[PDB]
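J.: Sharing coords.pdb here; it has PDB, C-alpha atoms.
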```pdb
ATOM      1  CA  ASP P 306      -1.764 -42.202 -52.776
ATOM      2  CA  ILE P 307      -3.922 -41.767 -49.660
ATOM      3  CA  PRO P 308      -3.900 -44.880 -47.438
ATOM      4  CA  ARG P 309      -6.792 -46.255 -45.415
ATOM      5  CA  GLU P 310      -4.989 -46.125 -42.059
ATOM      6  CA  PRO P 311      -4.026 -43.050 -40.037
ATOM      7  CA  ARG P 312      -1.167 -41.004 -41.413
ATOM      8  CA  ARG P 313       1.096 -38.296 -40.026
ATOM      9  CA  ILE P 314       1.300 -34.921 -41.761
ATOM     10  CA  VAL P 315       3.455 -31.962 -40.688
ATOM     11  CA  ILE P 316       2.404 -28.473 -41.691
ATOM     12  CA  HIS P 317       3.557 -24.973 -40.915
ATOM     13  CA  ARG P 318       1.143 -22.241 -39.926
ATOM     14  CA  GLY P 319       1.142 -19.130 -42.038
ATOM     15  CA  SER P 320      -0.750 -15.959 -42.690
ATOM     16  CA  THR P 321      -3.879 -17.963 -43.628
ATOM     17  CA  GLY P 322      -3.640 -20.348 -40.674
ATOM     18  CA  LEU P 323      -3.127 -24.047 -41.300
ATOM     19  CA  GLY P 324      -5.028 -23.785 -44.586
ATOM     20  CA  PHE P 325      -8.132 -25.830 -43.833
ATOM     21  CA  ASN P 326     -11.452 -25.627 -42.021
ATOM     22  CA  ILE P 327     -13.271 -28.216 -39.951
ATOM     23  CA  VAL P 328     -16.748 -29.556 -39.267
ATOM     24  CA  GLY P 329     -18.166 -32.134 -36.890
ATOM     25  CA  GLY P 330     -17.411 -32.911 -33.273
ATOM     26  CA  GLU P 331     -21.038 -33.674 -32.478
ATOM     27  CA  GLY P 332     -23.200 -36.753 -32.234
ATOM     28  CA  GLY P 333     -21.570 -39.571 -34.132
ATOM     29  CA  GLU P 334     -19.312 -37.256 -36.172
ATOM     30  CA  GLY P 335     -15.679 -36.656 -35.297
ATOM     31  CA  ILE P 336     -13.609 -33.719 -36.541
ATOM     32  CA  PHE P 337     -13.448 -33.597 -40.338
ATOM     33  CA  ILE P 338     -11.679 -31.385 -42.830
ATOM     34  CA  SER P 339     -14.400 -29.738 -44.904
ATOM     35  CA  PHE P 340     -12.287 -27.272 -46.899
ATOM     36  CA  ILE P 341      -8.662 -26.967 -48.001
ATOM     37  CA  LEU P 342      -7.467 -23.486 -48.899
ATOM     38  CA  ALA P 343      -5.821 -23.224 -52.309
ATOM     39  CA  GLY P 344      -2.162 -22.396 -51.753
ATOM     40  CA  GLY P 345      -2.299 -22.804 -47.995
ATOM     41  CA  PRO P 346      -0.088 -25.076 -45.927
ATOM     42  CA  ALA P 347      -2.418 -28.085 -45.983
ATOM     43  CA  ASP P 348      -2.755 -27.878 -49.756
ATOM     44  CA  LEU P 349       1.014 -27.611 -50.275
ATOM     45  CA  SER P 350       1.633 -30.726 -48.175
ATOM     46  CA  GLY P 351      -0.408 -32.540 -50.832
ATOM     47  CA  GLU P 352      -1.182 -34.870 -47.954
ATOM     48  CA  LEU P 353      -4.492 -33.663 -46.439
ATOM     49  CA  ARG P 354      -7.934 -33.948 -47.996
ATOM     50  CA  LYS P 355     -11.534 -32.935 -47.577
ATOM     51  CA  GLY P 356     -13.034 -35.917 -45.783
ATOM     52  CA  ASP P 357     -10.019 -36.586 -43.576
ATOM     53  CA  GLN P 358     -10.896 -37.123 -39.934
ATOM     54  CA  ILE P 359      -8.398 -35.442 -37.633
ATOM     55  CA  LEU P 360      -7.544 -37.921 -34.872
ATOM     56  CA  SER P 361      -4.838 -35.904 -33.106
ATOM     57  CA  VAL P 362      -3.125 -32.490 -33.292
ATOM     58  CA  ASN P 363       0.282 -32.932 -31.876
ATOM     59  CA  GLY P 364      -0.575 -34.911 -28.749
ATOM     60  CA  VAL P 365      -4.129 -33.616 -28.343
ATOM     61  CA  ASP P 366      -6.657 -36.391 -29.053
ATOM     62  CA  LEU P 367      -9.596 -35.102 -31.079
ATOM     63  CA  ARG P 368     -11.511 -38.376 -31.466
ATOM     64  CA  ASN P 369     -13.986 -37.392 -28.709
ATOM     65  CA  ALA P 370     -13.845 -33.602 -28.850
ATOM     66  CA  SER P 371     -16.377 -30.915 -29.642
ATOM     67  CA  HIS P 372     -15.868 -28.579 -32.581
ATOM     68  CA  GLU P 373     -14.795 -25.710 -30.339
ATOM     69  CA  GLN P 374     -12.359 -27.960 -28.460
ATOM     70  CA  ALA P 375     -10.831 -28.937 -31.819
ATOM     71  CA  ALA P 376     -10.665 -25.356 -33.072
ATOM     72  CA  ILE P 377      -8.903 -24.290 -29.871
ATOM     73  CA  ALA P 378      -6.459 -27.195 -30.119
ATOM     74  CA  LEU P 379      -5.648 -26.254 -33.721
ATOM     75  CA  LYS P 380      -5.308 -22.544 -32.858
ATOM     76  CA  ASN P 381      -2.955 -23.247 -29.966
ATOM     77  CA  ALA P 382      -0.859 -25.899 -31.698
ATOM     78  CA  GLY P 383       1.960 -23.586 -32.679
ATOM     79  CA  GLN P 384       3.806 -22.825 -35.915
ATOM     80  CA  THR P 385       4.750 -26.444 -36.676
ATOM     81  CA  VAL P 386       1.795 -28.813 -36.376
ATOM     82  CA  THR P 387       1.694 -32.596 -36.664
ATOM     83  CA  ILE P 388      -1.744 -33.858 -37.685
ATOM     84  CA  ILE P 389      -2.760 -37.502 -37.472
ATOM     85  CA  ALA P 390      -5.468 -37.898 -40.122
ATOM     86  CA  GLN P 391      -7.528 -40.819 -41.391
ATOM     87  CA  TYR P 392      -9.298 -40.563 -44.738
ATOM     88  CA  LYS P 393     -13.027 -41.331 -44.419
ATOM     89  CA  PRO P 394     -14.769 -39.739 -47.413
ATOM     90  CA  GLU P 395     -17.865 -41.945 -47.260
ATOM     91  CA  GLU P 396     -18.494 -41.231 -43.576
ATOM     92  CA  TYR P 397     -17.817 -37.554 -44.229
ATOM     93  CA  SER P 398     -20.423 -37.504 -46.988
ATOM     94  CA  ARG P 399     -23.008 -39.251 -44.801
ATOM     95  CA  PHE P 400     -22.737 -36.553 -42.133
ATOM     96  CA  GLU P 401     -22.166 -33.539 -44.386
ATOM     97  CA  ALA P 402     -24.214 -34.291 -47.516
TER
END
```
For this file, produce the structure as structure tokens.
T.:
Amino acid sequence: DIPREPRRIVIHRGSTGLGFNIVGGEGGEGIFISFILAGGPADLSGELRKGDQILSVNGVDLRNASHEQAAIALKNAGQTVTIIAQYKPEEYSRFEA
């Protein structure tokens, strides 16, 4: 169900944040989802995966952003957050395995 090209995914922040954690933002590695919280917003969308690269959070481009810049952008993105994600599990595994 997950396409190759970037996709838009809307999620609502809750008491466990957006329901995922991130790695990367250094060297050749962009911002990747490393963990999806069971029952959290990202999981309930059914539309975000470990190994997704986050390209944008709302309008904030994360393609050339450090980890802390990405974490701040995600923290400050509000209650309703539109993530542009692109699924890159092989690249994720190269950097993280």
J.: Which of these, P:323, P:328, P:307, P:316, has the shortest distance to residue P:398 once you count all atoms listed in the file?
T.: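 Of all the options, P:328 lies closest to residue P:398.
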J.: Hey, can you check how far atom CA of residue P:393 sits from atom CA of residue P:345?
T.: 21.7 Å
J.: Check the smallest atom-to-atom distance from each of P:350, P:369, P:309, P:363 to residue P:394 using only C-alpha atoms, then report the winner.
T.: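 Among the listed residues, P:309 lies closest to residue P:394.
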J.: Would you translate the PyMOL selection byres ((chain P and resi 382) around 12) into the concrete set of residues it matches in this file, as a VMD selection string?
T.: chain P and resid 315 to 318 322 to 323 361 to 365 375 to 381 383 to 388
J.: Selection in question (the file shown): the PyMOL selection byres ((chain P and resi 312) around 7). Which residues does it include, as an NGL selection string?
T.: :P and (310-311 or 313-314 or 389-391)
J.: Check the smallest atom-to-atom distance from each of P:353, P:402, P:347, P:367 to residue P:321 using only C-alpha atoms, then report the winner.
T.: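 Using only C-alpha atoms, residue P:321 sits closest to P:347.
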J.: Between atom CA of residue P:330 and atom CA of residue P:370, what is the distance in Å, rounded to a tenth?
T.: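 Calculated distance between atom CA of residue P:330 and atom CA of residue P:370 is 5.7 Å.
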J.: Considering all atoms listed in the file, can you say which of P:392, P:397, P:337, P:325 comes closest to residue P:368?
T.: P:337
J.: Rounded to one decimal in Å, what is the spacing between atom CA of residue P:343 and atom CA of residue P:371?
T.: 26.2 Å
J.: Measuring between only C-alpha atoms, which one of P:336, P:342, P:349, P:327 shows the shortest distance to residue P:366?
T.: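 Smallest distance to residue P:366 is found for P:336.
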J.: Counting all atoms listed in the file, which of P:401, P:332, P:320, P:373 gets nearest to residue P:355?
T.: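 For residue P:355, the nearest of the candidates is P:401.
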J.: Near residue P:400, counting only C-alpha atoms, which residues have an atom at most 9 Å away, once you skip same-chain residues fewer than 5 positions from it, shown as a ChimeraX atom specification?
T.: /P:329,333-334,395
J.: Given the selection you just returned, output its residues as a file containing C-alpha atoms, formatted as a compact mmCIF listing (two decimals), in the coordinates of the input.
T.:
```txt
# COMPACT_ATOMS: atom_id res chain seq x y z
CA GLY P 329 -18.17 -32.13 -36.89
CA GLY P 333 -21.57 -39.57 -34.13
CA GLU P 334 -19.31 -37.26 -36.17
CA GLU P 395 -17.86 -41.94 -47.26
```
